[PDB]
Amino acid sequence: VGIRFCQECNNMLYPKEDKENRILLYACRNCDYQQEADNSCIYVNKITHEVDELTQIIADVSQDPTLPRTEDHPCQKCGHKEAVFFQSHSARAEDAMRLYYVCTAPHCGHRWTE
Amino acid sequence: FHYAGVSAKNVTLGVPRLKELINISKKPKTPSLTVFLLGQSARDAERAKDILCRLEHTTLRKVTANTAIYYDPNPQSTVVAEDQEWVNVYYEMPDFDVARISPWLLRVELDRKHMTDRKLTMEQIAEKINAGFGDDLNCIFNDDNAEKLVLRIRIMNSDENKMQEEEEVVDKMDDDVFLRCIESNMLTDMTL
Amino acid sequence: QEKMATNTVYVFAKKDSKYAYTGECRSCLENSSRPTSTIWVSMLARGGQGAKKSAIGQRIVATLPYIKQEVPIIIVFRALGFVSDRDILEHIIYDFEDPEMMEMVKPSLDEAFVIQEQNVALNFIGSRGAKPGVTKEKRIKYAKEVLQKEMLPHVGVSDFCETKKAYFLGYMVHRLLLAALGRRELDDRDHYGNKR
Amino acid sequence: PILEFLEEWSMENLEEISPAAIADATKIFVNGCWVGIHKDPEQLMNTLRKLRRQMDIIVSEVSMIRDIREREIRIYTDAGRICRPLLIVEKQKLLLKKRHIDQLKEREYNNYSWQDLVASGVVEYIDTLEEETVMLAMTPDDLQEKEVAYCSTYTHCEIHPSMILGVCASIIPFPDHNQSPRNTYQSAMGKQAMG
Amino acid sequence: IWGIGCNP
Amino acid sequence: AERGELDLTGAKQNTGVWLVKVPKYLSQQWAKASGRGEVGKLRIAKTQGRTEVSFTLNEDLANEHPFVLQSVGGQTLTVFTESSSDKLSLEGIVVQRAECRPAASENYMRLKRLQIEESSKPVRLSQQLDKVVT
Amino acid sequence: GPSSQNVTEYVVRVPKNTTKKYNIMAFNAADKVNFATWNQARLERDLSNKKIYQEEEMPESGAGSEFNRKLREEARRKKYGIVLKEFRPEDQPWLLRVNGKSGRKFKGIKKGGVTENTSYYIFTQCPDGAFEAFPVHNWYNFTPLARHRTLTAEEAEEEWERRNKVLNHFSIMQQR
Amino acid sequence: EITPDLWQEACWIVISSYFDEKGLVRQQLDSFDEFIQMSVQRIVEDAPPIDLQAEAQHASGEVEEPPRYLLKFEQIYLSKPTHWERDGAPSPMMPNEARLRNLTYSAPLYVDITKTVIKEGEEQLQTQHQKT
Amino acid sequence: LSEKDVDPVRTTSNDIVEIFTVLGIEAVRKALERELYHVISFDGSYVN
Ligand SMILES: [Zn+2]
Ligand SMILES: [Zn+2]
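Residue numbers (PDB author numbering), protein chains in the order written: chain A, 12 to 125; chain B, 1107 to 1298; chain C, 197 to 392; chain D, 540 to 734; chain E, 1 to 8; chain F, 2 to 64, 80 to 150; chain G, 5 to 180; chain H, 16 to 147; chain I, 1347 to 1394.
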């Protein structure tokens, strides 16, 4: 999944298999350093790309004057009544009108979707 | 802009359609085809659904939830915990193991919603992939009872052996890069 | 007379162009002098199919001013002096934790893996430059001059400003990658914020 | 002057920036050049707006825009940006008060003019890019006053909605009661009238 | 100016 | 031992140095005399779990500067000197970074405006001439 | 103990002139620079002007024009362009070679952005107990170059012509 | 001090103040004033100084013997619009006279130029030409 | 048209070039007439 950069040359490590030991080794082409791979996964592609946008949402968006705010939905973490609510705001979000609520009030930074 | 929702289809009408017909353009902006069903298929909605499935292009990418390329030195090792049971069942009476087993593994998960919507079968997909790539691909498919539909693909056992004394050091794409190319080709042009 | 805003990064999608997403920035030297020079960072579409091409998929290219042929982006970053792959990605990708952006950058890194020398990258830029190049020395100096002045002038035109240009070029790439991922919406040409 | 102030107000320059620290901080662009990053954006944004409203270091034409979702602050001192004056709303109350209109009413022999209103901080010039970050009220009394809650965070107010029309369209009486193509046609016919 | 099915 | 050799003795001794960003008014006050050997006193007060750093301007010089620390773990900094005898040397490794900020908030903007006007003096503008030159 | 409430205050000294100028040497954290292995180092001005500025005008300059031809040759070269620039070392980057050729090589570039409204000072401990502040003459960011085999430019061009390298690139690097 | 339901008067008072201070064509006038006041002078200053020297004149020892002439433009001045008659006598040009006589409404432009001569005689002379 | 349970007699495509390649020139005469009549009569207008 994640890309690992070699210490010796600070370049990308590409997967390689040692036939003798049948052990996956991440080896740079430019330098001879080789590292055993713990993950054992080379390439992962999510065609559905069903990735939650809750992680992508920033807590700073609560300060926006233009965003609508609801006191009807209380915050789960701290119980603050106000919570700005906005849609996906994302391209390639397929067809979702879910409201990604963000708790207002300083430093709570809680994002929940109902 | 001012057609109706009754059509339920994109339709070019007005001056642009007149220009398309007058110029006899090779490619219409919205090529369309009206299919009239012969008999009982017209009467029954379910039979019409069957004909629809027959007439609509479907690729592996449409029915594939996600694809992951793993390195598993031993098929019995079953690096993925989930595939342990069915890999063990298949290798209780292993097929094509005598040639060899390719260490690189392509694991494809197929969305059940799309699979049942197009009424595709796991055995059907396996047969189509096997026919498309001949014996160069070996496919393992879960039973439909399994909650997650999993298809496991490995490079040809004969190709892994290379069946050649010289063996050629060309080592084109090794096996991982070749497997990635296979995945892209399968997703784009499976035509299930 | 209405004109598009200078010194800003705009990402558009062109169906006809082979590039799936193109990001353009028109740079002027604080309006003091010189014509506005536009540098385009584009991402080739995955529609093109080949054994290597499908494996790499989307590959980023850059249309530097006064260079006739498209230049791979990693080569431009190496020409600026950032040879190491990690440092180039540090400028392009602000957080290494996200895997999708790094996956997008990987093919372009693979395309430019032949060139690992700053001087060699400068020579390559000069050779594919529209103006003729007689020798390697002349080509290297000419391409260095083009990078110093013609490309991204608003960030800097002299005074060893390679780091600033590298950061702004990486910002253009970062925005192009975000548009490709869909995290940012493609810019609209008709917005009057853009129309000075 | 804006760059000097930004350096004063804890803006780390791109050259001195560790590449890892950029990810969590807002990027400050001035005239399209990425000057640096700021760890705390909102305080800087408020300070910049205060300076512009006092007309101390930032001129009135200078426009500051904060894209909260994209972590970018853009400051444009460029020429050619089209701006319109808008009243400023603090809390839910217009900053314009009866004392200001009393001074303006006796504009003669009080030397109180639009420049005094701009300097006082009652009104502000906003371009379209900054309009994207501004909550506006068409009519002050109606929208600012408490009702069934629609928006409680209005930041600016329109001076009068009829100012959206131009010179030729302003001569049309009761423009809102006409079909739009007819207003467009009158705008052209009024240029050809005799007088 | 009327609706989506009419005129603008 | 050669001309290009770098004296890494400071690195071997692991001498710790502090880097500080200070404003132009302070530096110019220091540069005014710059030869008296004294410009101020740096006072550091430490508590149970909090430390504060402050600098006091010399009374003669004036005719409070709190210091804010910055983390140095994100970048390693060292100081090296090029001697007039062409003997490069290393003084030490930077172990802490600080910034000096003005105390006055609003009246300091007056001095900033004066500095802006001083910097704008070299800027030249087109001059209107009443009578055509003969 | 006294450590929980210690208060330290020291005098500040700023000498008018110092024989050795003070600069800043900044290394990136990811480089993992370590001074324990720095047995020896070589810091000198670059010579890249060999490739792009000087001794590049070696053969044509000393070809042997003379007389009226010498006058015309000099004048023609000068008027052709705008007198090629030669070595002015003080305005050129710095090259660092640690432990000779065996060790890592770093390149330092002067910080282009000038500090017209900022100054930097360094505080160093001294036996007298008073801090000493020295202005930062210059700022340098050093970045390493790997001591690995470098592709030849001609070979690199040949390889790039075959942009579609279906074969493994690592084997290609091994061949070189 | 809030203004409730008196807003129709107040909004038009502030609008009237805007239009009294800033006319309808303020954009054109302000842009042109910026041009003349700042841009012309900045264009003059941005231009690199003119450097000129002889091409090894006299074929002598020629140890930098050809003189070096350096020109630097400065301090641009604009006069009021002026019309010079057939007699050559300057006179102010009123706009209506320009309309009637098909004249062009223009103003003279003057620049201070400093000329330095370096003849390698160990002396450099910097003569100044005022309002050229 | 070849697919089972699809009426070969009545199935028609809007593209006239496809009609020419598959069915012939006379079929395109009729199909072009049909398509032009559709574009003309969509507004309700009538041409003889
Ligand atoms: Zn390595
Ligand atoms: Zn909360």
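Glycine included, C-beta positions come from ideal geometry on N, C-alpha and C.
- Distance from residue 26/G to residue 170/G at the Cβ level is roughly 55 Å; contact not present, criterion being Cβ atoms closer than 8 Å.
- Inclusion of residue 1236/B and residue 1263/B in the CB contact set at 9 Å is not warranted, their separation being larger than that value.
- Put simply, the CB of residue 39/H is near chain D, with a gap under 9 Å to one of its CB atoms.
- Here the alpha carbons of residue 366/C and residue 358/C stand approximately 12 Å from one another.
- Under the DSSP assignment, residue 297/C falls outside any beta strand (DSSP E), being part of the alpha helix (DSSP H) whose first and last residues are 295-307.
- Between the alpha carbons of residue 341/C and residue 164/G lies a gap of roughly 23 Å.
- DSSP places residue 1278/B in the coil class of the three-state scheme, outside both helix and strand.
- Taking C-beta separations shorter than 7 Å and ignoring five residues to either side along the sequence, the partners of residue 599/D in its chain run 591, 657 and 664, following chain order.
- Under a criterion of Cβ atoms nearer than 9 Å, the residues of chain D adjacent to residue 76/A are, in order, 672, 673, 674, 690, 692, 693 and 694.
- For ligand 2, residues qualifying as neighbours are 86/A, 88/A, 89/A, 90/A, 91/A, 114/A, 116/A, 119/A and 121/A, where qualification means a beta carbon closer than 7 Å to at least one of its heavy atoms (chain order).
- Of all residues in the segment 23-54 of chain H, none comes within less than 9 Å of chain G when Cβ atoms are compared.
- The segment 138-147 of chain F and the segment 117-130 of chain F do not touch, with fewer than 3 CB-CB distances between them shorter than 8 Å.
- Contact annotation: residue 639/D and residue 40/H have beta-carbon atoms that are not nearer than 9 Å.
- For residue 1235/B, the secondary structure class from DSSP, reduced to helix, strand or coil, is helix.
- Among the residues facing chain F, residue 647/D is not included, as its CB has no counterpart in that chain under 9 Å away.
- Each residue's CA atom was taken as its position, placing residue 1150/B and residue 1156/B some 10 Å apart.
- When beta bridges are read from the DSSP output, residue 1200/B appears opposite no residue.
- Where residue 79/G is concerned, the enclosing alpha helix (DSSP H) starts and stops at 72-84.
- Using a CB distance cut-off of 9 Å, residue 313/C does not count as an interface residue toward chain A.
- By a beta-carbon distance limit of 8 Å, residue 271/C contacts residue 317/C. Their separation comes to about 5 Å.
- In this structure, the alpha-carbon of residue 1123/B lies about 35 Å from that of residue 391/C.
- With contact defined as three or more Cβ pairs closer than 8 Å, the segment 375-388 of chain C and the segment 98-106 of chain A are in contact.
- At a cut-off of 9 Å, the C-beta of residue 207/C has no neighbouring C-beta in chain D.
- Distance from the CA of residue 123/H to the CA of residue 54/H, rounded to the nearest whole angstrom, comes to 16 Å.
- Taking a beta-carbon distance threshold of 9 Å, residue 75/H does not count as an interface residue toward chain F.
- Taking 9 Å as the CB threshold, residue 89/G stays off the interface with chain A.
- Excluding five sequence positions before and after residue 55/A, the CB atoms of its chain that fall closer than 7 Å to its own CB belong to 12, given in chain order.
- In the structure shown, the three-state DSSP call for residue 171/G is coil.
- In terms of Cβ geometry, residue 625/D and residue 662/D form a close pair [threshold 9 Å].
- If you compare the alpha carbons of 344/C, 285/C and 309/C with that of residue 562/D, the shortest gap goes to 285/C.
- Contact with chain H is absent for residue 135/F, since none of that chain's Cβ atoms lies less than 9 Å from the residue's Cβ.
- One Cα belongs to residue 110/F, the other to residue 84/F, and the distance between them is close to 16 Å.
- For residue 15/G, the enclosing beta strand (DSSP E) covers residues 11-17.
- Close to residue 105/H, with beta-carbon spacing below 7 Å, are these residues of chain F in chain order: 148.
- For residue 11/F, the CB contacts under 6 Å within the same chain, skipping 5 residues up- and downstream, are 106, 107 and 108 in chain order.
- Setting aside the 5 residues that flank it on each side, residue 308/C is surrounded in the same chain by 268, 270 and 271, each with a C-beta closer than 6 Å to its C-beta; the list follows chain order.
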